[PDB]
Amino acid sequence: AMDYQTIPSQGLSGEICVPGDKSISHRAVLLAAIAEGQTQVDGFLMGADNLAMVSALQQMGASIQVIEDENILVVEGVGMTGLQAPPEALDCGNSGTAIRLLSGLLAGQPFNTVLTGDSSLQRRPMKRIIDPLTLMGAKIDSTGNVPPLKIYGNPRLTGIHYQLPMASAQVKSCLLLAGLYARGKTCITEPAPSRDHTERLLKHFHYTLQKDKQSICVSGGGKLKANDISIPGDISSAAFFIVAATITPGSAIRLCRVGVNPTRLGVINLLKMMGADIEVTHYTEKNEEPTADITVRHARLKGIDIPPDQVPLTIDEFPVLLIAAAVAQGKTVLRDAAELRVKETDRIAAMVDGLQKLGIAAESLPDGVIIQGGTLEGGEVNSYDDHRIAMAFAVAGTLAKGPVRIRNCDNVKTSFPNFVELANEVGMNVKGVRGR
C-alpha cells in the first residue's frame, strides 16, 4: 500500500502536457477494434482503466498493438462481426466506462459474456443500462442491479427511441453502440447535454449520425472505417493543476494541448465565476476535438451557488473544485449533484470527511454540499480508493498549513499514471510513501 504525503507549495511554475483523455481513449480503442482497416491512436492514455479495456477487447480477438512509452496503439480492425467469444469473465478493474460501454457493444453479439471488476466497480449502478438494453431485446442477468453482468448476446436487437432519465454519457454511449447492431433506428433524447465524445468518434469513423432536436440517432448495420486518431490531453487531469495554481500564491503555469470540449468545460466556467485567472488560447481541432493551451495565474476566490446546468459539465471535477471552495471567501453551495454518490466512491461523503478532517466547515446534502470558505490545516485524509479524491487532497496540500497525508493512492494510476512526477515538476510537493 502506498500513500501520498505533501508539504505546502511556494508557487507552481512551468509548462506541462497532461497525458491523454480517458473518456476519448476508451471510445477510440473500442471503435477501432471493430472498424475495418488499420487505426493509429496517438495520445492514448496508458492508465489501468484504459489498459483494462484494451485487455478485454483482446480477450475477444481484437488485434491491438500497445506501444506504451509513446502512448500509441496500432489497431488492426476486425470489422463489426470479427469478435470472438471470450473464454473468461471480462475484468474491467475500476473502470465504469468500460463495463457500461462494453455492455452496449456485447448485447448484439452472437455469443455470451460475463463482465465484472473490482470491489468499487461491483457497487456501481447498472439498472440505467440494463433496462433500455432490455427494451431493445437484450437478456442480462445480475443480482441487485450491480456487476457482475451476464449477457446472453442477441444478434437481433431492434432499435428503440429513448429518453435518458439522468444526464449520463455512459448510458447514451452504451445505447448507441448497441444501436450499431440493432435492426432500424436508435434515438437517444438527452434533456441536459452530456459529454459527446461518442458522437464525434462515430462521425470520425464515417458512420452517419443525425442531430434532430435534443435527439441523436443511428441505424444498425452500418460499417466503421479506420481513421487515425490523435487524443488531446484530459482536462480532468488538467483540472488538478488548474486549481492548484489558482489557490497557491506566486503561481503561473501553461498547460499544453488540453482538450477543451464545451461539454467538459465545467470547472473553468465555474472557477471563472469564482474570480479565477484562466486564459484559453491556441485553439486547434484534431479529429473533431477542440484542443487549446491553458494559462493559469494565482487569484483570490469567492464562494458561489453553482448553477445547476454546469453540474453535468463538471461532474468529475467536483472533488478538486470543492478544494477551491474551501479556500474561497464566503459560502459555496452545490445542488442537483446526487450522481456524485454513485461514482468510484460516494464523492460527496469522501469530500465532506476529508475537508472536515482538514479544518473546513463542510456540510452534506443529499444532492450536494455546503462549504464555508476557510483555512486548510495539515492532517490526514482517506482517499476511499478513489483517484480523484486522492488527487484533490494532494492539491489541497499545496495551501494547507502543514503536511497532508493522503491514505491509499494506488488507484491514481487508473487515470493519471504520472501524476506525482508532473506535480513535482511544476512545484507541487507530493511524494509516494509506504501505507498500512
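Note that residue numbering follows the sequence shown and begins at 1.
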At least a third of the other compared entries lacking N112? no
Tell me whether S219 is absent from the model in at least one third of the other entries compared, counting only those where the residues either side are present. no
Stretch with higher mean Cα temperature factor, 154-162 vs 340-348, is 154-162
Would you determine, from the values in the PDB entry, which of 282-290 and 268-276 has the greater average C-alpha temperature factor? 282-290
Please work out which residue in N71, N94, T134, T97 has the highest C-alpha B-factor recorded for this crystal structure. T134
Largest Cα B-factor, entry values, listed residues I360, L322, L102, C217: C217
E425 - which third its CA temperature factor falls in, relative to the rest of the chain: middle
Assert third(CA B-factor, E36) within chain per record equals highest
Temperature factor at the Cα of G233, chain-ranked in thirds, falls in the lowest
Of the three thirds of the chain ranked by Cα temperature factor, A326 occupies the lowest
Among the modelled residues of its chain, does the C-alpha B-factor of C17 lie in the lowest, middle or highest third? highest
